[PDB]
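Numbering (the entry's author numbering), first residue to last: -1 to 131.
Positions of the beta carbon are idealized from the N, C-alpha and C atoms, including for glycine.
Each remark here refers to the structure printed beneath this line.
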Ligand SMILES: Cc1c(Cc2ccccc2)nc(C(C)(C)C)c(-c2nnn[nH]2)c1-c1ccccc1
């Protein structure tokens, strides 16, 4: 219901430093190059306490469905198996992924008519902006 403001279909309109963020995370060259090209839609829906986030692109389609604060297993777009927890803190969806002893955090926030996705690995940050389809 505050989560309401995220629901919808959001198309990528800009990206900054995503290749460097992916490098830091450990994504391989072929997947960086092809994923980097893509123009994914991020589709967010809610049904009760279950939130679903889908990403659809020419590269890969991904889907997670989860309850806030309850850890789950995820397969990332670059085919890594991680343990994820998503919480809603001060209005921002905060997605933490843990794998192989590492961690990254992906934040989704509403800013004006945009959905802004900030990805952080160590000190490398990427910002991706999406707008309503
Ligand atoms: C490859 C990839 C990664 C890699 C990665 C995953 C997990 C942690 C760190 C890196 N990450 C993302 C996030 C969630 C982080 C932005 C996307 C992505 N962009 N739009 N929707 N999904 C894609 C992606 C998916 C389809 C098409 C293009 C890009």
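(Q) Between residue 71 and ligand 1, is there a pair consisting of the residue's CB and a ligand heavy atom that are separated by less than 7 Å? (A) Not under cutoff, so the answer is no.
Q: For residue 31, name the three-state secondary structure that DSSP assigns.
A: Three-state result, residue 31: helix.
**Q.** Beta-bridge pairing of residue 11 - partner residues as DSSP gives them
**A.** Beta-bridge pairing links residue 11 to no other residue.
Q. Alpha carbon to alpha carbon, what distance is there between residue 31 and residue 69?
A. Distance between the alpha carbons of residue 69 and residue 31: 30 Å.
Q | Bridge partner(s) assigned by DSSP for residue 6 | A | Answer is 42.
Q) Which class does residue 25 belong to by DSSP, given the choice of helix, strand or coil? A) Here residue 25 sits in coil by DSSP.
Q. Buried or exposed: residue 20, going by 16 or more other Cβ atoms within 10 Å of its Cβ?
A. Flag for residue 20 reads buried.
Q: Return the first residue and the last residue of the beta strand (DSSP E) that residue 112 is part of.
A: If you look at residue 112, you'll find it in the beta strand (DSSP E) that goes 112 to 119.
Q) If we ignore side chains and look at the alpha-carbon of each, how far apart do residue 56 and residue 113 end up? A) Taking the straight line from one Cα to the other gives about 21 Å.
Q.
Using a Cβ-Cβ cutoff of less than 8 Å, which residues in the same chain neighbour residue 59 once the five nearest sequence positions on both sides are dropped?
A. Within the same chain, residue 59 has close Cβ partners 52 and 53.
Q) Since residue 130 contacts residue 110 with CB under 8 Å, what's their CB separation in whole angstroms? A) About 11 Å separates the beta carbons of residue 130 and residue 110, which is beyond the 8 Å limit, so they are not a contact pair.
**Q.** Span of the beta strand (DSSP E) around residue 60
**A.** Looking at the DSSP string, the run of the beta strand (DSSP E) that includes residue 60 is 60 to 64.
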